[PDB]
Structure formats: C-alpha cells, structure tokens
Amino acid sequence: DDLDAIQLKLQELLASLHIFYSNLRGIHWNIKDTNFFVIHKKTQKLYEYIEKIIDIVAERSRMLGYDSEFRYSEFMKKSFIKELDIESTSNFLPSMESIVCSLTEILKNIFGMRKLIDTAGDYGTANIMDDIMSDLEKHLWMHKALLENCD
C-alpha cells in the first residue's frame, strides 16, 4: 500500500510537463524572430527532450504499483505551470520569459520532491528524478544565456 508519498507528486511534475510540452510546440509553431531558424530547431529540441522525460516520469509510477494518468482535466488543474497566450514575439525582456521562466520552477518542485525521496528510501526514483534536474538544468543555463546571466 505504502509509497504514495513521492508518488502523488510525480503527477505534480507529470502534469506540469505536458503543459510546458504544448507551450513549447507553441513557441515552436508561432515563433517569428530574427534568430528564427535556430530558435525553431532548438525549441523542437526541447519539447522533444521533455517528451522523453514525460513518458519515463510516467513509467516511474507504473514501476512501483501506481497507474499513470493521461487525462487533460487533470493537467490544466494539477500543473504549477500555466499556458502562454498567443504571445507578441519570441523573446521577452521582462521578468517572466517562459522560454526561460518555466524550467526554473519545476527544478524547485523536483528539488522539493528529491528530499522526500532522499528520505523514503527510493533511490530508484531519485536516480532518474535527479537525473532530470541535470537534464533541465542545462536548458535553463542555455536559455538565460540568450538574454543575460544573473542568479
């Protein structure tokens, strides 16, 4: 019966992942900037890469005993990340820079998670969970480099 702990949280990320997913395929479909060509391949290269993180993240669930979800009602509700309007351009000089301010929070979520995994004795979970932070961490670095350092 045990192991609901960090499990119910997988749905937390599992949910916010498919939201960053279609926003990505949104950055990717409407984009209209000078860099274009690239910012068209690299966005694809992201949602394509968090595409693989979404399936496995889902399979961690099944690993234990849980039965993953795929419903949408439970995405546009569970996620700690919201949709992007139909924008204005590719980049965004102000605070929220989606392309930049999106991976930033999930790193916190999982950051949060890992500890509980760093407790409940689920080295298997953290092995891949914390495998993703490395994953997502570079995609953070790379982006805030399209603008400017800081943090």
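Position 1 is the first residue in the sequence shown; the rest follow in order.
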| query | finding |
| --- | --- |
| Mean C-alpha B-factor comparison - 93-101 and 41-49, higher one | 93-101 |
| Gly121 by Cα B-factor - lowest, middle or highest third of the modelled chain | middle |
| Third of the chain's Cα B-factor distribution that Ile86 belongs to, per the entry | highest |
| CA B-factor ranking of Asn127, expressed as a third of its chain | middle |
| Within-chain third of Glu12 by Cα B-factor, per the entry | lowest |
| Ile54 by Cα B-factor - lowest, middle or highest third of the modelled chain | lowest |
